[PDB]
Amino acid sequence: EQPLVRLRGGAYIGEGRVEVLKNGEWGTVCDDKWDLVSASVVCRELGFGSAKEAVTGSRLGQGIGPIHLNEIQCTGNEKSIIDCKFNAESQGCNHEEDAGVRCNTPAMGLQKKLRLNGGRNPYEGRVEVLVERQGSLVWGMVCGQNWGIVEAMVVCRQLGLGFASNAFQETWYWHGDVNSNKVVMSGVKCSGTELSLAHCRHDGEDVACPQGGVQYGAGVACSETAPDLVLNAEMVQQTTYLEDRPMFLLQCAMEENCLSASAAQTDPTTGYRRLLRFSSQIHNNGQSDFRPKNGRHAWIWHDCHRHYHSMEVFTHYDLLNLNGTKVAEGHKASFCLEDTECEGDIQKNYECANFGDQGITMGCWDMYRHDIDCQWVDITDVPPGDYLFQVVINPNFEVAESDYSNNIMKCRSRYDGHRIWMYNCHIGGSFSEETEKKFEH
C-alpha cells in the first residue's frame, strides 16, 4: 500500500518534517495553527504513540517545492492527516514554516552489545562489539575496510546519539578500556535504515579483515544535527540550453577536464563542443551547516573559476539512455562551497574569494550558474533521441546529511539534434511510486 505521509530530516525514527502525498507529489505542511492534536494524528497514522511535540518553523529541516496543507485542524479522530480540515491557500507560507513532529516511540532501552570506546567525547569513539571468545565475554572491533557514513549513521542511531558526523576506517589514536585487540566483525555494509549495526550485511564470525591500518577498527563521530543538500529542480528546468562553443574559448575548460574525451582531437582553431548548459542551485535544507570534509590543505585551485574547490567530486552530471546506462560520458564536477543567497532574513556566511572558509549555511543555497565554466554535460558525441538527465549531489556519501534520498535529480530530455526540451524535472522520491514509473515510460 502507498503511504500518504512521511517524515524526513531528523535523527530518530518517529521524528521529522511532515510531508504529505497530494496529486502524486510529496509536499510539506505550513506551520500556521500547527497543533499537537493534528501532530499526534500523523504520529498515530505512522503507528507511534502520539506527538510529544508539534514542531514549527522547520526546526527539523526544510523542504523544497509544494506546500500542500496549511492550518491543519484535526479533531483527533481522523485515520490520516489527509482527512483533517485544512486551509488550502499557502501563499503567505514558505519553507521556513514547514511543520514537523516528534512522536512518542519506544526506546529499545539499553545497549550492551555495542559501545563507543576511547575518546574524550561521548559522541565519538572506536566502535566495539561484545562477543563470546573461548568462554569469556570480550569486546572486539569492526573491520574498517569500506567503513562509511552510512554504517556510521546506523551506529549513531543504535546508540541514540543522533546522526553520524564522520566515519573513520583506521583508528589508532583511541585508548579506552581493555579490549582484545582483535577484529570481530568485518565487511559491514549498511543500507542506512537498519536499527543496529548487526542487521546490516556483514560476513558472520568469518571475519576477513585486511592486514594494515584498517585492523585497528572503525570509529564514528555522532551529532544531533546534520546538513541536508537538495538540488533546485525547477531551476535546472528554467536554465537549460545548448551552446556549441568554439574550442578556442574552452582552453581552460579542456585542461580542467570539463570536456568529454573526443575533445582531445577537436580542432582548437575551428572546432565545436556542444554543451548542454544549466544552473545547479544546491540548497542546505538540513539542521546544520554543510562543510567540506577536509581543511584548506586539500582544496584545489580551479583555474577556470579562479577560486578554491573544497569538494573535488560534489556532483555527478549525466545524460542517460532510458534504461539507465550513460549515453553521454558525463562529468564529476568540483565545487566552491559558499552561501550565495539565503532564505528570508538569514545571513550569508561562507565565501570562497580569499581562501575563505567554505560551506553552505542552513537556509542558504550555493548557485553555480549556467554561464560559469563546467556547468554542462558535453554532448558533442550524442545523437538525437529521448534521454534522462540526472544530477547527483554528494554522490559518494562523503559528507554526512540527514537525508540522501533527495540528492538525485532527473529530467526527461528530448534532444532534436538542434535544441533540447527538459521536462518533468524533479527530485527523486518526491513522486509516488506509481508516478515515478510513468516518468520512464
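The first residue of the shown sequence is 1; numbering continues from there.
224-232 and 108-116 differ in mean CA B-factor, and the higher of the two is recorded for 108-116. The mean C-alpha temperature factor is higher for 316-324 when 316-324 and 153-161 are set side by side.
Residue-level inspection of the entry shows that, of 309, 102, 85, 306, 85 has the top Cα B-factor.
By the numbers in the PDB entry, the CA B factor is greatest at 78 among 289, 351, 78, 98. Ranked within its chain, residue 33 lands in the lowest third, by CA B factor from the PDB record. Looking at the C-alpha B-factors along this chain, the one for residue 68 belongs to the middle third. In the deposited entry, the Cα temperature factor of residue 262 places it in the middle third of its chain's modelled residues.
Sorting the modelled residues of the chain by their CA temperature factor places residue 14 in the middle third.
Among all modelled residues in this chain, the alpha-carbon of residue 395 has a temperature factor (C-alpha) in the lowest third.
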